[PDB]
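The chain below stands alone and is given in structure tokens; this is the form deposited in one PDB entry.
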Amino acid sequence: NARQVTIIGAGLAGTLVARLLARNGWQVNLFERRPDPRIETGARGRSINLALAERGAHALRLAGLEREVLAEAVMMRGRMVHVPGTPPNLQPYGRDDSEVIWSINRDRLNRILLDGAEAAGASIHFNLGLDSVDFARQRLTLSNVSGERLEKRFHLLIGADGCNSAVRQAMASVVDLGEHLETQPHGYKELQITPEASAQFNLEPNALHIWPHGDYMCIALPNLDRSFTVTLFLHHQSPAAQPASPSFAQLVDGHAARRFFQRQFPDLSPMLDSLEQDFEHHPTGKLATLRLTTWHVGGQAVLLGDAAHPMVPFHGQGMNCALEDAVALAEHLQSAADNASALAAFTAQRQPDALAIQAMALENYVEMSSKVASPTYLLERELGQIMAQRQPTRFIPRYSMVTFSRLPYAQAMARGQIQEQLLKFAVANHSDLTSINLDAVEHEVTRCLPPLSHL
């Protein structure tokens, strides 16, 4: 009875935790709304590609699924900023090619995980959606496509059913989750760059391409077949304040959109063949930041990944964080004296990191779109670089702590704040680098940042 678990959502987090527990003797039963994606090709995912960073890779590593995943992965050395008039600038993400990110297919990743879970001994049941949960009677309801319902008893319930969690609705009715929604004004549209067009325009095959435009932007991620998947991040509607400013409301036709592209991303528009067809057929996606005070009901049920912390995609960490979570949950469930202790402990350890990543993902928007290279900002950053060379065990860029390290998200954010505070005060009333005493600044770095180890 002790090693029974019912997981809702055969997505990314759900399938990893299904594999991690099943392989350790657990009686895992996974329920998926969708039909089996490695047989039937159903609905469009929230995105085609994903940026696989250390946290995610490492989780897949423990699962012994990392190699299979990286088999069809496209390396991403740094970001390729495209600003008209200025030649494309490549800013590397890290030191060498050891510090990279990977462009992997969502469905491929999902399918690899599904195989992994089923291999470990998990029972995956597709075409079954969670309709409701009776926590008091320790039962739940599922439904097939036809409407026919199915009532199953449960011992422990894991809500790994994504953004619009049926498990979260279920919990919210019997307990105050302490939800706090924060609506993202941007929407998104996925558009394609053919393998022929990517070759013709000699686009860097191993980089994360970005077209910044302040309140709106575009990104491109590489595909194994040399093609690219462009995403447009643009407001849903223009404000009453500025009603002439672009939005998805203004682009009523694929032609209106082709005009906006030739007008605002002119170097991009010719690479985008089928812009009109892709704009009309592929729908406008929604974004949000949902924060809950509570992720669990006693030892009975818990939310993991997107189900517990929906976030904006601007740091490309959502799935990384969701895989990191699955590890933590599996470890707590295996170590704790009982499920109430496990869920209490899991939530208590992940909730603060979940918040910091949500915060940092919002902050990253600005960083890649609204950047604004201020004279004092460029100065701060140069002093920051010196401080990183002089103090590698203390001064680490937040992107590096987030993306390449496995330091808890909240610690990465905390350190970042100490660093940004040092830089601001050090530059203060200085025009250039020659004015500041580097040795004095370095002493402060040692006084405010305790060292970090890879051991």
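The first residue of the sequence shown is number 1, and the count goes up from there. Just so we're on the same page, rigid core means the largest C-alpha set that superposes within 1.5 Å between forms.
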| property | result |
| --- | --- |
| No coordinates for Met311 in a third or more of the other PDB entries | no |
| Other entries lacking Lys371, at least a third | yes |
| Given 37-45 and 51-59, the range whose Cα B-factors average higher in the PDB entry | 37-45 |
| Per the entry, higher mean C-alpha B factor between 101-109 and 287-295 | 101-109 |
| Member of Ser247, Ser123, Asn339, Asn144 with the greatest C-alpha B factor (per the PDB record) | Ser247 |
| Criterion, highest CA B-factor; candidates, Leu130, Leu203, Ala170, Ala326 | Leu203 |
| B-factor third for the C-alpha atom of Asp134 within its chain | lowest |
| Chain-relative CA temperature factor third for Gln184 | middle |
| Relative C-alpha B-factor of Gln419, binned into the chain's lowest, middle or highest third | lowest |
| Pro352 by Cα B-factor - lowest, middle or highest third of the modelled chain | lowest |
| Chain-relative CA temperature factor third for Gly305 | lowest |
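This next part talks about the form deposited in another entry, which is not shown.
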property	result
Residue from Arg38, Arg46, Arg34, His58 whose Cα, after superposing the rigid core, lies 2 Å or more away between this form and the one not shown	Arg46
Large Cα move at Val372 between this form and the one not shown, threshold 2 Å, rigid core	yes
Rigid core superposition, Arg406 Cα moves 2 angstroms or more between this form and the one not shown	no
Comparison of CA distance in the other form with shown form for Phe260, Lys371, at least 3 Å	closer
